[PDB]
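Chemist: Residue numbers (the entry's author numbering), protein chains in the order written: chain B, 163 to 221; chain V, 98 to 113, 120 to 142.
After the structure tokens below, expect a handful of questions from me.
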Amino acid sequence: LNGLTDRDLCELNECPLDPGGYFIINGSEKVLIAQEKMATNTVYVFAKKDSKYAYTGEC
Amino acid sequence: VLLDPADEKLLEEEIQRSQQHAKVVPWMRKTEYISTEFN
């Protein structure tokens, strides 16, 4: 469905407005939700005062 | 016949408004419908 015209999308019975970005898995439309995380390879410093540590650096 | 648009206008009784539809109003656009030719 790539580089494909409105005429062709209509002829495939598929929406021209459909964004994309989802999977069909057993005839179900599935989206992968963007999971956030702490950035890799980047040093951080925090105060876990609830411990033997006054400060912890992390990577 | 010998007649003029100046004469023609005089045959009517009264025929000779709200002009503000076509105002600029930079905060007011136009509408969009369903074509068959787009991105």
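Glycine included, every Cβ here is placed at the ideal spot set by N, Cα and C.
1. Starting from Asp168(B), find everything on chain V with Cβ-Cβ shorter than 8 Å and list it in chain order.
2. Tell me the residue span of the alpha helix (DSSP H) that contains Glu105(V).
3. Just the Cα atoms here: how many angstroms apart are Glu198(B) and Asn142(V)?
4. For the putative contact between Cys221(B) and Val205(B), defined by C-beta atoms under 8 Å, what is the C-beta separation to the nearest angstrom?
5. Under the three-state reduction of DSSP, which class applies to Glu173(B): helix, strand or coil?
6. If you draw a straight line from the C-alpha of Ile112(V) to the C-alpha of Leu179(B), how long is it?
Modeler: Straight from the coordinates:
1. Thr139, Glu140, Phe141
2. 102-105 is the span of the alpha helix (DSSP H), which, as asked, contains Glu105(V).
3. 32 Å
4. 5 Å
5. helix
6. 50 Å
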